[PDB]
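First, one chain by itself in structure tokens, the form deposited in one PDB entry.
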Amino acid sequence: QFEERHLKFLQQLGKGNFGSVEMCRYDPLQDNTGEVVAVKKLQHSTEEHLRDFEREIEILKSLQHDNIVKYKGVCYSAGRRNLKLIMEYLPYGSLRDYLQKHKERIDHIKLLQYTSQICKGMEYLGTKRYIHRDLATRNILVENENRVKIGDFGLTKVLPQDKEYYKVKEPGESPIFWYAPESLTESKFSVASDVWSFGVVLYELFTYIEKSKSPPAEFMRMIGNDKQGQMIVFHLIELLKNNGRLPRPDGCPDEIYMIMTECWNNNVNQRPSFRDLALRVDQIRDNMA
């Protein structure tokens, strides 16, 4: 229901894998009263990528939650393709950049507020049997100082009816340093691996996105920065097999790190639920206040 001729390009907001998001104004009355929106498109409209995109659009459309970015509509020109996803525009950018920019005014209670919101959004995904597969502060957006939203769903898959995991191995880079061990070894993605990645998100938050402290930097320094191409993955697997883990971030209390390390359990079935993670984060945040 969005006509392409009324979307006015303003700037690029972000560039994902096979996708990009643009800040546009939807101004059908041509009087500069229309609203600014976010428009997602494919960088190269492959038939396979187009079918993935259609599934992503339906997934997002099916989601309604304070902590999930709002679907608004779709757009297409010159027939059916050039397909574009229209979403609400969130003015503070990604939580990665936002935390980096205000580290001296965002204290731990605020971090835990964001954490809780992320947990509740992920739990909502779970009730729909959706596996996000790409949890990272770079894929959390900031609506305002009090609200974050899960921001991108390009890698989200729906669980089979009969199984609690989805086996997929895609070409491209994969965010290996947020991957559960069973995702690196068997391409198995589950709620439990989303929980692992959430552990990494919590690490990210408490590092305040410091340069040398990113999961890639830390993990490369634990395996050796020389490590060569695909060998990287292999060593990562071995490192995680021997319970090598990201270190406790500077200033991070013991209980928060413990939440992280319980998320980083090699035994998929021993990782906590998102509801319990929310419960615990909320108890800590209420104790701090």
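In this text, residue numbers run from 1 along the sequence as written. We call the rigid core whatever largest set of C-alpha positions still superposes within 1.5 Å between the two forms.
Just so it is clear, the following notes concern the form deposited in another entry, a form of the same protein that is not shown.
Among the candidates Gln30, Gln230, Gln64, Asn243, the CA atom that moves 2 angstroms or more between the shown form and the other one after core superposition belongs to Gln30 alone. Annotation for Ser77: C-alpha shift of 2 angstroms or more between the shown form and the other one, rigid core superposed. Comparing the forms between the shown form and the other one, the C-alpha position of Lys15 differs by 2 angstroms or more, with the core used for superposition.
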